[PDB]
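Read the single chain below, which is given as structure tokens and is the form deposited in one PDB entry.
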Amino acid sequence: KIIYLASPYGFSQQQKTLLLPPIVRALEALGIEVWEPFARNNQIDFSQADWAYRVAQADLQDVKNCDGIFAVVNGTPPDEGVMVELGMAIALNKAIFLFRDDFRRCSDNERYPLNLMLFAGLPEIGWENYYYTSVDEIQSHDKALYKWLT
């Protein structure tokens, strides 16, 4: 099972080094094969003008070929690149999992923590089971990633 790991964390040197590996490892510990686009497609700096299109199509192909997206949606607002990747995944009926350990709210509605469009690929009732608020919660057996694999 393949999870595309969409995040803004590859943009900060400290975040790329410290925040992503514990997330990657939590997902692998479930049995998941993890596609992390920043390393997988080598976007390590302000992309040169002649490599940007290639980087874009590579990330696009991974979203089309994965089985689920694990979208890190921290920030005010969530990262625009993550959001494009999230909309692709929804449109392609891929499995959808959201991660937000940022306690700030950035929402246009009183029902969801974020803009209601991010949850358009999640059920009306138990969308909370797909919404992870802590790295240590990724392992949880009562949450939709585990049940997705079992």
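For every residue, the number given is its place in the sequence shown, counted from 1. Shifts are known only where both forms have a C-alpha. What we label the rigid core is the largest C-alpha set whose atoms superpose within 1.5 Å from one form to the other.
Separately, the form deposited in another entry exists; it is not shown, and the next lines address it.
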(message) Quick check on the comparison between the shown form and the other one: with the core aligned, only one of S107, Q57, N42, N65 should show a Cα shift of at least 2 Å. Which one is it?
(response) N42
(message) Please check whether, in the other form, the CA atoms of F46 and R54 lie closer or farther apart than here, given a change of 3 Å or more.
(response) closer
(request) Could you tell me whether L86 and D45 have their C-alpha atoms closer or farther apart in the other form than in the shown form, knowing the shift is 3 angstroms or more? (result) farther
(request) Superpose the two forms on the rigid core, then report in sequence order the stretches of at least three consecutive residues whose Cα positions each move 2 Å or more between the shown form and the other one. (result) 42-50
